[PDB]
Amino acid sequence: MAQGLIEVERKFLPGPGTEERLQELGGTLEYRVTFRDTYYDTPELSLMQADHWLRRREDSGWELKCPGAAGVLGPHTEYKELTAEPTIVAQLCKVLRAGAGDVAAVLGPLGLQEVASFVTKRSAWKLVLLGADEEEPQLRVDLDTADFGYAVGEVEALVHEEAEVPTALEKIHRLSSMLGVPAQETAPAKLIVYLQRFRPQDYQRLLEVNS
């Protein structure tokens, strides 16, 4: 189970020189892929309010991201990636305060409805660091373009235990600086931009309740 359940990440807005600097560091373009995700939430965006993200990826399956360090690390920084459907069901019941063995079965009972569906084109780069001669010596950089035109990058470390997260954060920040990402720069998740575009009243309601 070598990869790890915990995503540590930093989103950014790509520029013309991002891939070249990745290459010059020894990074490689591992693949280019296109994937369709459908996201689910209550009409109140209860999951999004709790920094939970539930999606079913075509030809891949369900995933629930939920914060690994809620209240300690800011949103869009660390997520446990839940893919075993019984764990997803348990965590959804927990967050939403509610006999489903699979996620499809729980949507009705929990009041979860489709809130977005869209396709992303991704260039997945990986950087093996120090020729692999260190702990967790691979960082991923995804360069995504959503079908609505939004371009977003993510520098990502996948680790196994919360105790690895501080070091992962440090390495992601250092790689981010080398790719030319301003320290203060933020970039919204694709789903948030989808809501801005196509469900602007939901996006406004989200801003209001999150404050």
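Start at 1 and count along the sequence shown; that's the residue number.
Colleague: In the deposited sequence, how many residues between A98 and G99 have no modelled coordinates (none, 1 to 3, 4 to 9, 10 or more)?
Modeller: The entry has 1 to 3 unmodelled residues between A98 and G99.
Colleague: Using only C-alpha atoms and the B-factors in the entry, which stretch averages higher, 157-165 or 176-184?
Modeller: Looking at the record's C-alpha B-factors, the answer is 176-184.
Colleague: Read off the CA B-factors in the entry, average them over 114-122 and over 88-96, and name the higher stretch.
Modeller: It is 88-96 that shows the higher mean C-alpha B-factor.
Colleague: Would you mind finding, among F35, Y150, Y40, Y31, the residue with the largest C-alpha temperature factor in the entry?
Modeller: When the deposited C-alpha B-factors of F35, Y150, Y40, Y31 are compared, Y31 is largest.
Colleague: If you compare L45, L143, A69, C66, which has the highest Cα B-factor in the entry?
Modeller: Result of the comparison over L45, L143, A69, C66: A69.
Colleague: Name the third of the chain's ranked CA B-factors that contains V8, choosing lowest, middle or highest.
Modeller: Answer is lowest: the recorded C-alpha B-factor places it there.
Colleague: Taking the C-alpha B-factors as the PDB entry records them, is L73 in the lowest, middle or highest third of its chain?
Modeller: Highest third - that is where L73 ends up once the chain's C-alpha B-factors are sorted.
Colleague: Based on the deposited C-alpha B factors for this chain, I'd like to know if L82 is in the lowest, middle or highest third.
Modeller: Lowest third - that is where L82 ends up once the chain's C-alpha B-factors are sorted.
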